[PDB]
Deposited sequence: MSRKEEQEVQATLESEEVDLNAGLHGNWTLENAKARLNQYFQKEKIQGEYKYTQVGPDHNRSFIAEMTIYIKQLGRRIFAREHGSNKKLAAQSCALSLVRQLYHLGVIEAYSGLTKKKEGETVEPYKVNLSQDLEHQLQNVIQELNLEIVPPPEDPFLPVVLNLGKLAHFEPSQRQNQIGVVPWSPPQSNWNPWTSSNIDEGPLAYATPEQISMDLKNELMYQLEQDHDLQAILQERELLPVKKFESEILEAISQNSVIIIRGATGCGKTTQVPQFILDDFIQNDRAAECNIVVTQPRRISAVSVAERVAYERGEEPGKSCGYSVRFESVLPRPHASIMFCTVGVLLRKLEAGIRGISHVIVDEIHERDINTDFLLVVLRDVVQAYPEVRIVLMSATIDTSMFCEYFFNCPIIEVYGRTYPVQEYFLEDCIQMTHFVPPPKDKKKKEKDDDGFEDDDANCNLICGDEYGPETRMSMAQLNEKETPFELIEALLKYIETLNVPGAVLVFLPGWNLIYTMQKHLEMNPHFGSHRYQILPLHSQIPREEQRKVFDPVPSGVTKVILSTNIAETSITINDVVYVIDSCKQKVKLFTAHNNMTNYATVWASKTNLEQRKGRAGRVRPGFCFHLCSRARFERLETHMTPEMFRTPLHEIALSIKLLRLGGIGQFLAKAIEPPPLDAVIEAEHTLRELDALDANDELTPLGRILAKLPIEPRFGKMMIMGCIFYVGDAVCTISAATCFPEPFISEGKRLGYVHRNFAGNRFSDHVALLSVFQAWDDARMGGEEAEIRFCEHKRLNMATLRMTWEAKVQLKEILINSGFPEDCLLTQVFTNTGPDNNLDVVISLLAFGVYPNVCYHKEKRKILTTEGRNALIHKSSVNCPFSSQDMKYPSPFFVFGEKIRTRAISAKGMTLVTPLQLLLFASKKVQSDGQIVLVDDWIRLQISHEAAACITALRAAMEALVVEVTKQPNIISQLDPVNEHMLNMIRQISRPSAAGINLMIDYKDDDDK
């Protein structure tokens, strides 16, 4: 039914007077109430379109240049020091370290036994003679940790240390950091000397000479605006993962290596068909790397049920079982849901592994942290799996690096190490005690569908290549056992390979990177990829960027697009942050934005929020206000020094690591807006109240509606909400807006904007913030139609509201867009806006108020 909006007569008129002063078109009302007219003003201001394939330039290392900071070395000995001097000094330093440090000699002795060591000479010849090589070999040979070292030490030992600066790309944040720490440790160092790392919002720079930067590809791409300056070698690691940014970088690097053949590219791959990569890079050589494998006995779901005598409480391949297996096996398998992972069978399998009386670690492949937590809980219930007999360790990207390194530690005699792992343990790391693999046969992939703005953290079937790779992890120390939890018939219906990310990932961020780097057309450049993305993804990226006014009608980068290109967040949040700067609430909007890059700081364990966490929300029915209020309290507690911070965080059940990384990310976002010319004064920390009148916070909530659009919903009763699609959905358990018990919430408005629309067995809105009907019209709606008493918003909900208010508010939206265009041309103008534009912003400030829509959040 149409929702009744109670806005005052004075507000009606003030809106009309601002639209008067903007000399703007109040789209008049229809004659026939069944001829509904579109209120949506077209664009009221544009960027002067520009005229319409570039190569990223390359230059080699040189002694007076810091390639990591992209700046001349002017202070210190290294400003004038000769390459010969630098090389002699680094060589002398290294030989002396090696002859003095006994713990270091011992570590080198371990290095010299890695399978890859035998191929050191062959690898180094191939690189010295070819612009591009591929190093191919089984996971655990030592490609990742040793090859960057082999190259550096080659230069150091041959008196040319100064001529060597290596970029190593990794498809994951966790790999870039872990490998940097591991390689530093192998060289008797911490990151910051010969090794360093750069990931989104965190870096430890290496020394400028004879050094290795481990990064994520996203970092190297954002740093390319000035070219690859002072680097001898780009090692692209784990190319077989088909991480989308790695696929993208291979396009860039192939044009680099064609134009600048003195550069060295080294691609490194697990044992897959690398023909594609070889052919792509002008039939470059492939260096085979190998060492001792062992046979691994493979079993499937039928073999597992039979040999454990286990009994449980697309077509279904658990009803298919051959006649060489007994009837209780078939009857038991046929009771298992293929969409579930049988946690109880995994327990039974661990117990069967005991009876073999061959000691070794068990690696369990589980798709996400949810099934690792679920497995871990289930085990730590049964006292059989206590400290006396078992060390059960989780391995996922989000647990702290102290805990992640424990998977490599050895375990007391008579205790069995069990690793409950994501696919990090498939090809990117090697745990050395492993004799037994239990394989869920599933992957976790983020699927996004634009048409309905639906996110699905999907549990999908692994590939045969994934099952073969997972089986290989059992056969590094002795003959091993791999227990696949899929039926033999399910295995026959598995794809050979996962879909590459390039085929199933939104491309608007890569599109911005192509345009910032002057590489040509989005379509044109992506057509040269090794396996190009689907057309509809390209069209969808171009549509997103034009709608944001990041591209002009000639598909060229606007001054707005150039700032969004530089901000390492979702473009829509980038634009939200520019709007925050204009309203002088930049700090708060940079915090909302930074927080989307990290897990929730609330340690809530998948249950409904308790009293302490709900309290951070005040009277705003907003997960985002809760998050801003946590940061304000945390930042106050931190005045008391580290231990006061630790105590505040564990007394409030907060993840301190997440609050610190989010804070660092906010500081970096603010720096980029500063260097784009936004004044310091629009980005200051602003104390606020989450209970009393606060116009700064009202504007932040208006801008959050813009940021998360089109995620709007309407509350019916209890946890039931109506989505943009006219569809029924649930309030996420996580939300301060989820009813703790049977007490139903009394929302002063039924409208919510939210961070994520999530598909599981149902549709969920996670990260929910109540907005007024005025904020809906202003920033949480594209198309609005009026019959003259009733408005239809994006074809999914109706408001009973003045035709004049609705059209006046839609015009404010259009007026606000035009100012954003003008502000991005010259950001310092926000200091000194002409009066009509201040009145426009004051009107948005006013209709952001709860009072503006007849709401008082202090009276329930």
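In this chain the deposited sequence has gaps in the coordinates at 1-123, 176-178, 440-456, 1004-1010, listed in sequence order.
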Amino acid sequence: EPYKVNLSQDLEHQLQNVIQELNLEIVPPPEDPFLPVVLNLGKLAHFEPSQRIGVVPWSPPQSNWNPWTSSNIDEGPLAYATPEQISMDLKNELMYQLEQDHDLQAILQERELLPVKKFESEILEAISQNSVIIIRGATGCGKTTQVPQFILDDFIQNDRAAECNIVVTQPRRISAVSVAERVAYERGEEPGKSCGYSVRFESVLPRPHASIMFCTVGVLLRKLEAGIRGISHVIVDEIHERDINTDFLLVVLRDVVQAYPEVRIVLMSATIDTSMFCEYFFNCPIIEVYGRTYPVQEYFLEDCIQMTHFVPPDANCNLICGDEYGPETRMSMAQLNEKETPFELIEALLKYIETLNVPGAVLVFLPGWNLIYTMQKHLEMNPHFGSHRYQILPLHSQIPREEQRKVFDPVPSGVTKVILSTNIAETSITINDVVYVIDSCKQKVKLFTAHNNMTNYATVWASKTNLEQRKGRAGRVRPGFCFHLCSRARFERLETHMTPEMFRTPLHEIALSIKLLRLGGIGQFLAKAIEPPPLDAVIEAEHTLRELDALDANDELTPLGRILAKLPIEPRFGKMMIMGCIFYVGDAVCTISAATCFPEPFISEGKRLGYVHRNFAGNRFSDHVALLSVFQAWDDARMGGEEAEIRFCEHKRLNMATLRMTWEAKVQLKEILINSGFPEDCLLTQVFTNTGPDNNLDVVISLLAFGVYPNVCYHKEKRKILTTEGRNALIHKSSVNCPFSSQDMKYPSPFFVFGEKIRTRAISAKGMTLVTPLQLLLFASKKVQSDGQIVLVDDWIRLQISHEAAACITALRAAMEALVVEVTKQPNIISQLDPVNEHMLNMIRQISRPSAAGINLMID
From here on, numbers count along this sequence of modelled residues.
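Here the rigid core means the biggest group of C-alpha atoms that line up within 1.5 Å when the two forms are laid on top of each other.
Core-fitted comparison in 5 other deposited structures of this protein shows that, between 806-814 and 826-834, the CA atoms farther from the shown form belong to 826-834.
Compared with other entries of the same protein, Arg798 falls outside the group left without coordinates by a third of them; all model it where both flanks are modelled. Among other compared entries that model residues flanking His46, a third or more give it no coordinates. Between 244-252 and 645-653, the higher mean Cα B-factor belongs to 645-653. Remark: stretch with higher mean C-alpha B factor among 500-508 and 149-157 is 149-157.
In the PDB entry, the Cα temperature factor peaks, among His543, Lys746, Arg264, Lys575, at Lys746. As recorded in the entry, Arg389 carries the highest CA temperature factor of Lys464, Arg389, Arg614, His624. Among the modelled residues of its chain, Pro359 has a C-alpha B-factor that falls in the highest third, as given in the PDB entry. When all modelled residues of the chain are sorted by CA temperature factor, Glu338 is found within the highest third. In the PDB entry, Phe34 places in the highest third of its chain by CA B-factor. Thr308: CA B factor in the highest third of modelled residues in this chain (values from the PDB entry). Placement of the Cα temperature factor of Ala633 within the chain: lowest third of the modelled residues, per the deposited record.
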